[PDB]
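**Q** Before I ask anything, here is the structure I am working with.
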Amino acid sequence: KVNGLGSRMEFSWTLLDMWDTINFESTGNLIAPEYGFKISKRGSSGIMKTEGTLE
Amino acid sequence: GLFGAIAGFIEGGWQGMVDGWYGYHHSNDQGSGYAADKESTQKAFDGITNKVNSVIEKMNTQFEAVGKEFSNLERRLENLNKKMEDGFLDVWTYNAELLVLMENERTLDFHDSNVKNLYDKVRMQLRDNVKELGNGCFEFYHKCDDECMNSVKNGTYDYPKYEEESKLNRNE
Ligand SMILES: *[C@@H]1O[C@H](CO)[C@@H](O[C@@H]2O[C@H](CO)[C@@H](O)[C@H](O)[C@H]2NC(C)=O)[C@H](O)[C@H]1NC(C)=O
């Protein structure tokens, strides 16, 4: 039991290209997205652990 | 050092000279005092600033992002990233430290060469009109003055003028 539940929710993701369609189809157990995220990248970066104060 | 001037046959440095890196000290009938050599000092300064600008400005920029980015599913790729980081760390540390040592050795020797060269420039001009004391000084076999001292410093000294007077006082 994690947070009381013995069940789990497994998430996956994808990048849907422009002018392209996505197709969800399920007879059960689907946890559907209500939202998507527009995205752009000039380059990548990193993730920093600090605990405090952006100035 | 390498050219034997600084901490060499010229034992100490001059606190009294704030004017430059290398200069003269004259002691005559008028009065004593220090004076710098603008040419040699400025040349050295230009070279030295060009030196530290070389070891600083020649370094490549390269935007990067150092971090973990690898889960516990992949501890082999973590170890790979760690080997790489440390590999470069060992390279840059060793190279930087030895660079600084070798460059400092060169710099001190460079200064030594400059003083020695000024000494030789002077001695070559004065010739046997003076007694080379060996401490970095020259004792005149004649009577020089502020008007004559400036002649020595500025590169135009009249040897045949003081030739015969110096000779007689030399074999005195
Ligand atoms: C998804 O939507 C895009 C438009 O937002 C569609 O692309 C156009 O399709 C029409 C009909 O054939 C063409 O006349 C246009 O030339 C297309 N525009 C583009 C993107 O150049 C696309 O067909 C849609 N996908 C489907 C079939 O659902």
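Each chain of the structure tokens is named A, B, ... in the order shown, its residues numbered from 1; ligands are numbered from 1 in display order.
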Check segment 39-81 of chain B with DSSP on the backbone and list each residue it calls helix (DSSP H, G or I), as JSON, numbers by chain.

**A** {"B": [39, 40, 41, 42, 43, 44, 45, 46, 47, 48, 49, 50, 51, 52, 53, 54, 55, 56, 57, 75, 76, 77, 78, 79, 80, 81]}

**Q** Taking only C-alpha atoms and all ligand atoms into account, which residues have an atom no farther than 8 Å from ligand 1? I'd like them as a ChimeraX atom specification.

**A** /A:18-21

**Q** For each of B:135, B:2, B:159, B:74, take the minimum atom-to-atom distance to residue 105 of chain B, counting only C-alpha atoms, then give the residue where this is smallest.

**A**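 Ranking B:135, B:2, B:159, B:74 by distance to residue 105 of chain B, first place goes to B:2.
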
**Q** Env of segment 13-28 of chain B: 6 Å cut, atoms = only C-alpha atoms, seq-sep filter 6 positions within chain, self excluded. Answer as a ChimeraX atom specification.

**A** /B:34-37,41

**Q** Keeping only N, CA and C atoms, write those residues as a PDB file, in the first residue's frame.

**A**
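The result, stored in selection.pdb:
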ATOM      1  N   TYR B  34      66.211  58.790  -6.844  1.00  0.00           N
ATOM      2  CA  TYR B  34      65.846  57.716  -7.759  1.00  0.00           C
ATOM      3  C   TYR B  34      65.127  58.256  -8.989  1.00  0.00           C
ATOM      4  N   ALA B  35      65.100  57.445 -10.040  1.00  0.00           N
ATOM      5  CA  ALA B  35      64.384  57.778 -11.264  1.00  0.00           C
ATOM      6  C   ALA B  35      64.140  56.496 -12.045  1.00  0.00           C
ATOM      7  N   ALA B  36      62.959  56.380 -12.637  1.00  0.00           N
ATOM      8  CA  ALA B  36      62.582  55.166 -13.347  1.00  0.00           C
ATOM      9  C   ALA B  36      63.073  55.170 -14.787  1.00  0.00           C
ATOM     10  N   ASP B  37      62.955  54.018 -15.439  1.00  0.00           N
ATOM     11  CA  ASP B  37      63.196  53.915 -16.871  1.00  0.00           C
ATOM     12  C   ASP B  37      61.883  53.589 -17.574  1.00  0.00           C
ATOM     13  N   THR B  41      60.292  49.729 -18.489  1.00  0.00           N
ATOM     14  CA  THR B  41      59.154  49.420 -17.633  1.00  0.00           C
ATOM     15  C   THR B  41      57.869  49.257 -18.440  1.00  0.00           C
TER      16      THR B  41
END

**Q** Residues within 9 Å of segment 40-50 of chain A, please, as a list in words. Count only C-alpha atoms; anything in the same chain fewer than 3 positions from it doesn't count.

**A**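 Here the answer would be residues 53 of chain A; 64, 65, 66, 67, 68 and 69 of chain B.
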
**Q** Atom CA of residue 44 of chain B and atom CA of residue 147 of chain B are how many Å apart?

**A** 27.7 Å

**Q** Report as number ranges by chain: the residues of segment 11-95 of chain B with a DSSP assignment of strand (DSSP E or B), based on the backbone of this structure.

**A** B: 23-26, 33-36
